[PDB]
Amino acid sequence: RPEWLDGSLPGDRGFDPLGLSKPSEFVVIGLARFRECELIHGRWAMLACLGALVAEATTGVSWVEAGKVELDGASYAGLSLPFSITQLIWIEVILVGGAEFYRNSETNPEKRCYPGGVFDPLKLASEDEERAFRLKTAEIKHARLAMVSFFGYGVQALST
Amino acid sequence: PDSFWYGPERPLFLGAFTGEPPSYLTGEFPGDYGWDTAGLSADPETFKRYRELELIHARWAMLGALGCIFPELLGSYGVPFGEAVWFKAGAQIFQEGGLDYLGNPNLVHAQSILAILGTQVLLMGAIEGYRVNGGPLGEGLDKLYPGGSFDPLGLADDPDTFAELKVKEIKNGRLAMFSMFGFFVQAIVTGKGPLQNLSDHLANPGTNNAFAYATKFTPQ
Amino acid sequence: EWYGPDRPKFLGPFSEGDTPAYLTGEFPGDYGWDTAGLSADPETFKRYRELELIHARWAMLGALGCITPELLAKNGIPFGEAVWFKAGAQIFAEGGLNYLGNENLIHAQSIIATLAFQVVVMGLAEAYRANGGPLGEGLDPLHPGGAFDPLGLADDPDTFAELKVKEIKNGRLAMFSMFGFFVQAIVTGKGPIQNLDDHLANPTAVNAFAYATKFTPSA
Ligand code: CHL
Ligand code: CHL
Ligand code: CLA
Ligand code: CLA
Ligand SMILES: CC1=C[C@H](O)CC(C)(C)[C@H]1/C=C/C(C)=C/C=C/C(C)=C/C=C/C=C(C)/C=C/C=C(C)/C=C/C1=C(C)C[C@H](O)CC1(C)C
Ligand SMILES: CC1=C[C@H](O)CC(C)(C)[C@H]1/C=C/C(C)=C/C=C/C(C)=C/C=C/C=C(C)/C=C/C=C(C)/C=C/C1=C(C)C[C@H](O)CC1(C)C
């Protein structure tokens, strides 16, 4: 087991062959940030995977094809929408930029990764030390599974 | 407080002819002109309940007046509403195309009145239950002026400005309630939209006034 | 349960946050609904309670009297007019107003005679109720008991209080239903039983909203 794999974190599995998180001595002449990055990437991966599966199931159009029909005519769940591509992209950039800009303005990395608060409706977090950690491991594991699944979907999209 | 609208020197509803206002109307509340000739606020509890009723009515009627005026103006300018007139907008749901916000077939496009009524009942019941008894957006706040999450811009931090804005709110609300009573009566009598009535009055003020309908409800 | 500070209220979970202080809960049907503040003075509260109970009893009787003839006519009783709001014109009929159709019952013809008799009788009865007369004097204004409780069904005070709660609740329901009767007769123009039958025939299509543009202003 690697020494820098100190444990006490949900994603501890002893997988770091290249020593990316391994501290190194320095001469003049961090794990929290990487965990946050994996968390965010995995969250978006599960969101994308669920959305692609639901879109394939309900309307039947390919996820790779989505966007071409939308540009010709906007429609969600078979119901038309009165939005052009310009208004769509403007609204998207404004809202996402606002959410991002509020997201990164947190001096505390623990709250940066795990804001809780209003984003947790049920009092599931509380102060538990085992069940909360177990569900946190569950989130990180499903995040990894969704990331690899979406990478497989992207690979299969090419050359097909 | 020490301002033109509070204390024994506040303006009163009959000018110099008002005399002395009633004793219980000491002038410590916004919009206190000392007009309680009927004597319905002798009991302080009843006075407080009437104040709450007046404020809620004022806010609702301000919203109602704005929402009665705006769609008719837009429809007159050219926007293709289903029914621009305020007292006819409710019947749009019975049309074949259903209710269309701003006249667009992709905006709302409601079809069933029952769903609208049910969702409105649920949402408004929750809203008013939260208003009466503290909910997620504040628990221990004032009944009429909760502030906090309902004053995001911080326009009521200064107590003097707070009192001034309270007076302005109550005056605008009373004006709006008077105008909404006018809306109801004009709709019953004339049968046209308020903007149509205004345009008709402006076209010929000498003859296009209320007295033209005076002989409308005479018995025969 | 019922009387007591921990009593059911008119807004459920949203009511205990704000209830009138003068509504302690010592009277039947106290759900703590006085948002308008009309019963701050205890004397006015007592008068309003009296008015409410009288309306409740009258509306119970009115609801039964509105429903029974129409149902009986549906069962096949030859009534002059089943609908309650057209039942008063039977006195102007050529054959007169006959109880249960049969011309040997009552067979009233004149409206003035019955109106005068009712005026005299009800005047005496209501004067006795207001002041006190042969049927007891100085009794409870709302629940005299005694000769007005021949069966003695409310001798036990707790049972008496529970029956009072049942009375006021049934009365509030009856008054609400009678207001519904008035509004439906004004709008639909048919009897309440006809309204129920029509609604049961096509619940989604025919309802109140169908008569929504009934009173739209003309011109
Ligand atoms: C000095 C003269 C002066 C006079 C005469 C009045 C008079 C009035 N002020 Mg006051 N004010 C005056 C000075 C001032 N007021 C105010 C500020 C206010 C405010 C904020 C308010 C008033 C209001 C009132 C009204 C209160 C009484 C009422 O309800 O009338 C009711 C009776 C009438 C109006 C007379 C009846 C009208 C008509 C002659 C008869 C109708 C004929 C119809 C054809 C018949 C009906 C048809 C039927 C069949 C349907 C009354 C019209 C209140 C108000 O506007 O209520 C309406 C009010 O809110 N005043 C200020 C600023 C400080 C004043 C400064 O001097
Ligand atoms: C927790 C949810 C809850 C809510 C929201 C309510 C709310 C209510 N309860 Mg309560 N209750 C609730 C739980 C409970 N209640 C009770 C026991 C009682 C009793 C005994 C009574 C009430 C009554 C009431 C009503 C008080 C009247 C009112 O406030 O008018 C505000 C409400 C409205 C104005 C409704 C408006 C409906 C719609 C949105 C508007 C209609 C639009 C029209 C088309 C407009 C058309 C215009 C026309 C006229 C031209 C109100 C609907 C009283 C009642 O029934 O009076 C009617 C009553 O007697 N409740 C119990 C047992 C412990 C409860 C348990 O949780
Ligand atoms: C439902 C609305 C409503 C309510 C509850 C109140 C309540 C109150 N007002 Mg406000 N007021 C209103 C509408 C209302 N007012 C309107 C529309 C105006 C402008 C005309 C005013 C102008 C006004 C002034 C200038 C003053 C008050 C004052 C008061 C207080 C004492 C009077 C009283 O006992 O009210 C009891 C009220 C009712 C029981 C409501 C009865 C409504 C009836 C049924 C309507 C029909 C009558 C009406 C005249 C119809 C014609 C309308 C229009 C043509 C005149 C009390 C808190 C005085 C005060 O102390 O301020 C704090 C004061 O100085 N009010
Ligand atoms: C004329 C009939 C009448 C009378 C005199 C009263 C009187 C009273 N009721 Mg009762 N009540 C009634 C009808 C009546 N109520 C009806 C129909 C219901 C069912 C909705 C109730 C349900 C009810 C509850 C649940 C409670 C009371 C309570 C009270 C007391 C305090 C409230 C108050 O000040 O009322 C004063 C009443 C008036 C001044 C009458 C004025 C009526 C005006 C004209 C409006 C009527 C029309 C109106 C628009 C109808 C809207 C609703 C409609 C859909 C039916 C008081 C003794 C509370 C209490 O303390 O119990 C002892 C209490 O907890 N009542
Ligand atoms: C002061 C005093 C004193 C002495 O002592 C005694 C006496 C005289 C009694 C008193 C007086 C009083 C008065 C005057 C009152 C009045 C009131 C009013 C008018 C109200 C209104 C009030 C009014 C109001 C609320 C209104 C409201 C409105 C609304 C909601 C509306 C809504 C809407 C809209 C938007 C439009 C659409 O399409 C539809 C609808 C949905 C329909
Ligand atoms: C609670 C509260 C609180 C806050 O604070 C304020 C407020 C809101 C104001 C309040 C409320 C109130 C209310 C709701 C009330 C209502 C009432 C009613 C409905 C009554 C009725 C009532 C009703 C009634 C009596 C009724 C009655 C009836 C009758 C007699 C009838 C009779 C008859 C009959 C049999 C049939 C035939 O063929 C004819 C005749 C002979 C005609």
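Chain A is numbered as in Swiss-Prot; the shown residues are, in order, 59-87, 129-259.
Cβ atoms are placed via backbone N, Cα and C, with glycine included.
Features as listed in Swiss-Prot:
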- A:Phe73, A:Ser79, A:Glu137, A:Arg243: chlorophyll a 1 binding site (BINDING)
- A:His140: chlorophyll a 2 binding site (BINDING)
- A:143-163: transmembrane segment (TRANSMEM)
- A:176-196: transmembrane segment (TRANSMEM)
- A:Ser183, A:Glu199: chlorophyll b 3 binding site (BINDING)
- A:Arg202: chlorophyll b 4 binding site (BINDING)
- A:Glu238: chlorophyll a 3 binding site (BINDING)
- A:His241: chlorophyll a 4 binding site (BINDING)
- A:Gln255: chlorophyll a 5 binding site (BINDING)
Per-residue Cβ crowding (10 Å cut-off), top of binding-site residues A:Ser79, A:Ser183, A:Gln255: A:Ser79
Query: What is the biggest Cα to Cα gap, in Å, among A:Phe73, A:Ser79, A:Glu137, A:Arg243, the residues listed as binding chlorophyll a 1?
result: 18
Message: Quick test of the contact rule: Cβ under 8 Å, at least six residues beyond the ends. What residues does that give for the transmembrane segment (A:176-196)?
response: 157-158, 170
Query: Which of the binding-site residues A:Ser79, A:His140, A:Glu199, A:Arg202, A:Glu238 has its Cα closest in space to the Cα of the residue listed as 'chlorophyll a 5 binding site'?
result: A:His140
Statement: Least Cβ-packed of the binding-site residues A:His140, A:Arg202, A:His241, A:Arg243 (other Cβ atoms within 10 Å) is A:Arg202
- line: Same-chain residues at least 6 apart in sequence with Cβ under 8 Å of the Cβ of A:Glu137 (chlorophyll a 1 binding site), in sequence order, are A:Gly69, A:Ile239, A:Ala242, A:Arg243
Query: What is the nearest of the binding-site residues A:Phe73, A:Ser79, A:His140 to A:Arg202 (chlorophyll b 4 binding site), using the Cα of each?
result: A:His140
- request: Out of A:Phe73, A:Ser79, A:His140, A:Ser183, A:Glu199, point to the one nearest the residue listed as 'chlorophyll a 4 binding site' in space (Cα versus Cα); all of them are binding-site residues in the record.
  value: A:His140
Alpha-carbon spacing, A:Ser79 (chlorophyll a 1 binding site) to A:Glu199 (chlorophyll b 3 binding site), which is rounded to whole Å: 25
Message: If I take the Cα of A:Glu199 (chlorophyll b 3 binding site) as reference, which of the binding-site residues A:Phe73, A:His140, A:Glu238 has the closest Cα?
response: A:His140
Message: If I restrict to non-local contacts, at least six residues apart, and a C-beta distance under 8 angstroms, what lies near the residue listed as 'chlorophyll a 3 binding site' in its own chain?
response: A:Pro68, A:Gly141
- request: May I ask for the distance between A:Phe73 (chlorophyll a 1 binding site) and A:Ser183 (chlorophyll b 3 binding site), taken between their Cα atoms and rounded to an integer number of Å?
  value: 46
- request: Do me a favour and check the Cα-Cα span between A:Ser183 (chlorophyll b 3 binding site) and A:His140 (chlorophyll a 2 binding site); whole Å is fine.
  value: 29
